[PDB]
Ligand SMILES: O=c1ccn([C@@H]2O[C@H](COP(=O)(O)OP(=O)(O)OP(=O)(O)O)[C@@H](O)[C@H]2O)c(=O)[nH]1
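Okay, here we've got a single chain as structure tokens, the form deposited without ligand UTP, with questions on binding and movement later.
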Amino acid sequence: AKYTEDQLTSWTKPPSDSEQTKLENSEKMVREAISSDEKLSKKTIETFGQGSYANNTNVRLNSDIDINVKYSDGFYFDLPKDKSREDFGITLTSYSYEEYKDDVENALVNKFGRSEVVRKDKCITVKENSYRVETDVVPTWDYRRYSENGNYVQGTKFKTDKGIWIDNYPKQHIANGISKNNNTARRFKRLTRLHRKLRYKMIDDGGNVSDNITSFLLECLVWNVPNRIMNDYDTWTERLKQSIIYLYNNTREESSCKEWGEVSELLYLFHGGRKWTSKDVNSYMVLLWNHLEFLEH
């Protein structure tokens, strides 16, 4: 094996002892930028971490914290095709997502200064300093997806500056990750961190990792590793090996994994709209396997 049991074990750990303190300080400073703003303070706006700090799966020291500022005085929605938006109840508003993202930028600029705040395609960044971690603020709106039977699931929706509309379910992602971690004696998030770290390590020493393989994708893949692979093997060498075998075997043909969801279980991994394919995943598993140099016969 290229890495010892001690090395793999150490890469299952958070990269600092104060991950939660960093997340909470970013959340609070953004929440304050919002409540100090005359315009936005009058609206229902919830500030919450999403992303790898909120899921306690970050592995890069002082990497960006992802902070959602979700406005919920109106919600976008989607209905099944045999239901009428009229009969559901339509609300018209002169407010818009575009104005909202500008407003959030203004509030950030007022709290932190124009030089510290950078508008980007999908977020607004607050630059790090000695006291704060670099923070990506994602303004979103409330979102409801209704199913056939009349139930709905609630998430977030936003629009990139290039005009792409994107739905997410950060709360169900967080809750589900916590469930699987509870059912695996906390090995699910340790295995996630280990896989994420191995990816960065292969990239750093020159490996041919496809741009299509992201840290988010790796968490979704480990999510789809059944709990017994975490629970029934006794070392990290073996849990990692078995997880790779499972993911390789089940991406050799697209029919084996076409139903896999992301952690929220409310979006698919391989139903379009993604920059990866299951073939990409399979080839990454081959690369990782060959990189780890497990002893053969």
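In this text, residue numbers run from 1 along the sequence as written.
Missing here is the form deposited with ligand UTP bound; even so, the following discussion is about that form.
Engineer: Just one of 110-118, 167-175, 144-152, 90-98 has heavy atoms within 4.5 Å of ligand UTP in the deposited complex; which?
Structural biologist: Contact criterion met by 167-175 only.
Engineer: Using a 4.5 Å cut on heavy atoms, which of 55, 243, 26, 251 is close to ligand UTP in the deposited complex?
Structural biologist: Flagged contact: 55.
Engineer: By the heavy atom within 4.5 Å rule, which residue out of 194, 133, 213, 123 makes contact with ligand UTP in the deposited complex?
Structural biologist: For this set of options, the contacting one is 123.
Engineer: Residue 289 near ligand UTP in the deposited complex, any heavy atom under 4.5 Å?
Structural biologist: Contact check for residue 289: no, nothing within 4.5 Å of ligand UTP in the deposited complex.
Engineer: Counting only non-hydrogen atoms and a 4.5 angstroms cut-off, does residue 13 reach ligand UTP in the deposited complex?
Structural biologist: The answer is no: residue 13 has no heavy atom within 4.5 Å of ligand UTP.
Engineer: Contact between residue 138 and ligand UTP in the deposited complex at 4.5 Å, heavy atoms?
Structural biologist: Although ligand UTP is absent here, residue 138 would touch it in the deposited complex, with heavy atoms inside 4.5 Å.
Engineer: Would residue 279 sit within 4.5 Å of ligand UTP in the deposited complex, counting heavy atoms only?
Structural biologist: Taking the distances in the deposited complex, the answer for residue 279 is no, it never comes within 4.5 Å of ligand UTP.
Engineer: I have 9, 228 and 294 flagged as a candidate spot, so tell me whether each of them has a non-hydrogen atom within 4.5 Å of ligand UTP in the deposited complex.
Structural biologist: Looking in the deposited complex, the three residues 9, 228 and 294 all stay beyond 4.5 Å of ligand UTP (heavy atoms).
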